[PDB]
Amino acid sequence: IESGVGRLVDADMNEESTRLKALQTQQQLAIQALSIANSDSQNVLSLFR
Amino acid sequence: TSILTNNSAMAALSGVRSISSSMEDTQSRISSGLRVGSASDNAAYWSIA
């Protein structure tokens with residue numbers, strides 16, 4: 001019965017590790033893209049010298 | 001030379017608008033992945049996904 005409880009409730013660690021690495025990479029890319037978007041705004045100053 | 005109209009400036013404005021739209025699309029695409037990210041993309045592939 002506790003083996004069945006484990007089968008219903010336990011999770012494989014390898015897939016979670018892969019997801020953690022993927023989400024860390026996605027967070028890094030999202031942060032870089034957000035920084036680029038923020039830096040995009042101030043380019044308009046060249047028109048107004 | 002007319003001080004009331006500027007054809008070169010208007011063409012540059014249209015070019016800037018096109019570049020801004022393309023940059024926004026690519027920035028969202030790189031932020032969230034998802035080459036087909038919304039229904040505004042290829043509708044059939046979005047529905048299949």
# chains A, B, ... in the order shown; residues from 1 in each chain; ligands from 1
>>> interface_residues(of="chain B", to="chain A", cutoff="10 Å", atoms="only C-alpha atoms", output="PyMOL selection string")
chain B and resi 23-24+27-33
